[PDB]
Amino acid sequence: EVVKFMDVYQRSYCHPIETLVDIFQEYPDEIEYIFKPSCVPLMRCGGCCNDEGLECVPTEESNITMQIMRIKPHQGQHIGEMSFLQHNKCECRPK
Amino acid sequence: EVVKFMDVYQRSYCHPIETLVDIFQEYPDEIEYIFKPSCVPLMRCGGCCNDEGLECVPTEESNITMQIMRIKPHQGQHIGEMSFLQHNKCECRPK
Amino acid sequence: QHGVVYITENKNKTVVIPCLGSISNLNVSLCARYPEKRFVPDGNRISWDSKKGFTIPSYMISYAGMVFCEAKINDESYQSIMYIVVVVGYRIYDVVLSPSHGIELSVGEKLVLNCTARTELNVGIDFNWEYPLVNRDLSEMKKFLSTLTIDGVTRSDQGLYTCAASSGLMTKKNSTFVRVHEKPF
Amino acid sequence: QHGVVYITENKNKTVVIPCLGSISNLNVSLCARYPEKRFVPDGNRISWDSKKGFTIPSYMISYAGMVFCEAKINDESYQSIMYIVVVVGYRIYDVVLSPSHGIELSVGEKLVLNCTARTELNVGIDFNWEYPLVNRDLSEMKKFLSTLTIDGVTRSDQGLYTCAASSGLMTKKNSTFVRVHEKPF
């Protein structure tokens, strides 16, 4: 039950990794509503670079769409489509 | 290409999700060495709760072991086993 | 095809999912998600009535995302539609904009007014201003901020400034008077 | 079974993976990870010599995690072992502990001394103190901090205090004198 080396390497390099993101992290102004679910799974550039002076940044982005329940407390609700940004290609780059 | 509702729900609830964690985030004192790879994939409590007043916390933890290269700049290196903390069971709890 | 079930911040109330059935005595329970739990009558607090539905006090499920009743009937098991659990608040403890005290300004001088509402949790908040702008969310207590901003301030902007916050079924407001003086001398 | 290859912070140097082969003229390249790239001679900058190995200037790969040479030979393709790329630094721009100026203290008064080293990147740092404690990492410039701490400070602790930082092949130090006075009056 001990992970190999070159496994940890590839399992860890700057690449699109699924991430749980708060909706209000994406739509900070919508403070009048509340959302269920309150967060969403999105590919974001994750993992590390092989050099201090680098940073794991996206080189390809694409919004994606999911069904969220918008709720205006004491006035109603409904389930609408919300678009969210995603990373497709990641890249280590100078900082 | 639009995600269902109850899918987003379950794909997003407070549960152990694989996470890329910086080693120096775990071993902040080891400033004399440098590690390759410099980060590691670890299950950590991720996702959201169904109530403002909750928080997604672990209820079961377990260190796991991986092969990392410790490097003492200009004095040597080697590949040793490093243990890292993991979350096994997650739970929404009062804050 | 799903249902919806609201809950107040002051829990410990009692709730009824309309799991309505004919058989006066069924082994009917209430499964939940999430996390996957499954509740059963006990007379005291919990119960399911044939024509009333499944009963349970709010705080017993306020953490879940959706519940549904399910009946074990021999061959297969049959269940109701999904009801979505929704906790909501309304309590606005106070609203106060910085600064509270008066304001004497000079023409052209940038003006920034922070309006701050402290609410309980699961509160949604709408801001509304009265006067001659951007807002964001931030203990069992929330804080929303609404910041009004003007740069080129004229002499006419020298009016009373009003922020009001509505939580849905409640509303509070605070104010402050500001005067726009002409560059002195 | 793997190899290792170091690189300085001042890149634009030239490096040689010992991909040693017999055939004076092979279609040999240098594949990389990560990200998966694959380099080829061009005479000018890049080259592979039969008995010298694969050649390339540092900054061309300093981003990768491991490289290896590979030769296409008809049926199957054969490759060298894995060499691990490792960027390292040594430049310690300065070390200075807060405060720089002298210190007059009182017995029993808590003492905290921040020691701060600014280095280039990929630098590892060891701290060493001289005198009669915890440290952590924090532009193309790193900053490591080493904080010495004493609470119950006696009169004897009234010595010179020395922090020194070694990056491996370099070292700098700064100091400050502190006096421990007895509670006055």
# chains A, B, ... in the order shown; residues from 1 in each chain; ligands from 1
$ interface_residues --of "chain A" --to "chain B" --cutoff "6 Å" --atoms "only C-alpha atoms" --output "MDAnalysis selection string"
chainID A and resid 2:5 9 12 20 37 40 47 65:67
$ closest_atom_pairs --of "chain D" --to "chain B" --cutoff "7 Å" --atoms "only C-alpha atoms" --output "JSON lines"
{"residue": "D:88", "atom": "CA", "partner": "B:73", "partner_atom": "CA", "distance": 6.4}
{"residue": "D:124", "atom": "CA", "partner": "B:32", "partner_atom": "CA", "distance": 4.7}
{"residue": "D:125", "atom": "CA", "partner": "B:32", "partner_atom": "CA", "distance": 4.5}
{"residue": "D:126", "atom": "CA", "partner": "B:32", "partner_atom": "CA", "distance": 5.0}
{"residue": "D:135", "atom": "CA", "partner": "B:29", "partner_atom": "CA", "distance": 6.1}
{"residue": "D:136", "atom": "CA", "partner": "B:29", "partner_atom": "CA", "distance": 5.6}
{"residue": "D:137", "atom": "CA", "partner": "B:31", "partner_atom": "CA", "distance": 6.4}
{"residue": "D:168", "atom": "CA", "partner": "B:74", "partner_atom": "CA", "distance": 5.4}
{"residue": "D:169", "atom": "CA", "partner": "B:74", "partner_atom": "CA", "distance": 6.6}
$ write_last_selection --atoms "N, CA, C and O atoms" --output "mmCIF file, in the first residue's frame"
data_model
loop_
_atom_site.group_PDB
_atom_site.id
_atom_site.type_symbol
_atom_site.label_atom_id
_atom_site.label_comp_id
_atom_site.auth_asym_id
_atom_site.auth_seq_id
_atom_site.Cartn_x
_atom_site.Cartn_y
_atom_site.Cartn_z
ATOM 1 N N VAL D 88 18.040 23.700 -9.309
ATOM 2 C CA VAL D 88 18.455 24.116 -7.976
ATOM 3 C C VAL D 88 19.130 25.480 -7.995
ATOM 4 O O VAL D 88 19.760 25.856 -8.983
ATOM 5 N N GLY D 124 17.161 25.843 -1.473
ATOM 6 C CA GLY D 124 16.883 25.224 -0.190
ATOM 7 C C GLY D 124 17.666 26.021 0.831
ATOM 8 O O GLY D 124 18.732 26.539 0.504
ATOM 9 N N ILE D 125 17.155 26.149 2.050
ATOM 10 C CA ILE D 125 17.843 26.973 3.043
ATOM 11 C C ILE D 125 17.941 26.357 4.432
ATOM 12 O O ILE D 125 16.952 25.871 4.982
ATOM 13 N N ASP D 126 19.147 26.389 4.994
ATOM 14 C CA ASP D 126 19.355 25.965 6.367
ATOM 15 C C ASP D 126 19.695 27.172 7.232
ATOM 16 O O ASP D 126 20.542 27.988 6.859
ATOM 17 N N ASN D 135 10.900 27.930 11.814
ATOM 18 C CA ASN D 135 11.065 28.571 10.502
ATOM 19 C C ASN D 135 10.234 27.974 9.359
ATOM 20 O O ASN D 135 9.980 26.771 9.327
ATOM 21 N N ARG D 136 9.840 28.826 8.413
ATOM 22 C CA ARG D 136 8.953 28.425 7.320
ATOM 23 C C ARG D 136 9.238 29.212 6.030
ATOM 24 O O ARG D 136 9.760 30.326 6.081
ATOM 25 N N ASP D 137 8.911 28.625 4.880
ATOM 26 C CA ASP D 137 9.007 29.333 3.604
ATOM 27 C C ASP D 137 7.851 30.325 3.538
ATOM 28 O O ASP D 137 6.974 30.301 4.399
ATOM 29 N N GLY D 168 23.379 25.954 0.595
ATOM 30 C CA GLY D 168 24.197 24.908 0.024
ATOM 31 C C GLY D 168 25.557 25.529 -0.213
ATOM 32 O O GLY D 168 26.348 25.695 0.719
ATOM 33 N N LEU D 169 25.813 25.921 -1.455
ATOM 34 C CA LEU D 169 27.112 26.474 -1.809
ATOM 35 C C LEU D 169 27.229 27.991 -1.608
ATOM 36 O O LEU D 169 28.007 28.657 -2.288
#
$ residues_around --residues "residue 45 in chain B" --least-positions-apart "2" --cutoff "6 Å" --atoms "only C-alpha atoms" --output "PDB file with N, CA and C atoms, in the first residue's frame"
ATOM      1  N   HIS B  15     -17.949  14.835   0.336  1.00  0.00           N
ATOM      2  CA  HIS B  15     -17.390  13.495   0.221  1.00  0.00           C
ATOM      3  C   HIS B  15     -15.899  13.568  -0.078  1.00  0.00           C
ATOM      4  N   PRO B  16     -15.167  12.485   0.231  1.00  0.00           N
ATOM      5  CA  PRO B  16     -13.733  12.416  -0.062  1.00  0.00           C
ATOM      6  C   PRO B  16     -13.441  12.562  -1.552  1.00  0.00           C
ATOM      7  N   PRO B  58     -13.912  15.796   8.008  1.00  0.00           N
ATOM      8  CA  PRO B  58     -13.606  14.363   8.000  1.00  0.00           C
ATOM      9  C   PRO B  58     -14.053  13.705   9.294  1.00  0.00           C
ATOM     10  N   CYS B  90     -16.275  11.450   5.104  1.00  0.00           N
ATOM     11  CA  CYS B  90     -16.568  12.865   5.266  1.00  0.00           C
ATOM     12  C   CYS B  90     -17.970  13.044   5.831  1.00  0.00           C
TER      13      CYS B  90
END
$ atom_distance --atom1 "CA of residue 26 in chain C" --atom2 "CA of residue 11 in chain C"
28.3 Å
$ closest_residue --among "C:119, C:167, C:110, C:180" --to "residue 149 in chain C" --atoms "only C-alpha atoms"
C:110
